[PDB]
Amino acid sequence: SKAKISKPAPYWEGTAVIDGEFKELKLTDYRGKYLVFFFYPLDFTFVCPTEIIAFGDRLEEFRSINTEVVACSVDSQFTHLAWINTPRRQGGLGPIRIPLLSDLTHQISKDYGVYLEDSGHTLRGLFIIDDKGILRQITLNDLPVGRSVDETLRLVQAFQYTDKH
């Protein structure tokens, strides 16, 4: 893993589905803003949808504090798009306001230390990157357990508070 707290967050780049289109997306696109960068195991599964939806549905609570959110898994951009176009009824994402980054090669997952060699996908990893691109926080969950939008919010606010004061 290249991910070290208080060091620049490992650079990434790749294709994301953004508002239903394929776009190239870079970590550096987010300079000036805080970024919640998180990995989830696999599209068309179970815990991964709920926590992606929670974040998307509450996106304004981040954007209103100069914070953006990006989600990532090892699935392809085509699978991401198919998942978005799958209605929440059938366990899809439905439309989403958060970019879904594809880590097909696994390079990004490995740089961030969240790749599972034995499974071929990531664990539940979340990274808080500040506006200068420095990594400030790392949350790694074993697969069965989702993350909390409220705890994330609290942490972003705390770093912004201690940044200032």
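All residue numbers are counted from 1 along the displayed sequence. Basically, rigid core = biggest C-alpha set you can superpose within 1.5 Å across the two forms.
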- Task: Determine, for 43 to 51 and 110 to 118, which one has C-alphas that on average lie farther from this form in 5 other deposited structures of this protein; superpose on the rigid core first.
- Result: 43 to 51
- Do the C-alpha atoms of 86 to 94 or of 68 to 76 have the higher average B factor in the entry? 86 to 94
- Note on the structure: Between 41 to 49 and 136 to 144, the record assigns the higher mean Cα B factor to 41 to 49
- For the C-alpha B-factor as written in the entry, point me to the maximum among 29, 103, 111, 61. 29
- Chain thirds by Cα B factor, record data; residue 18 belongs to the highest
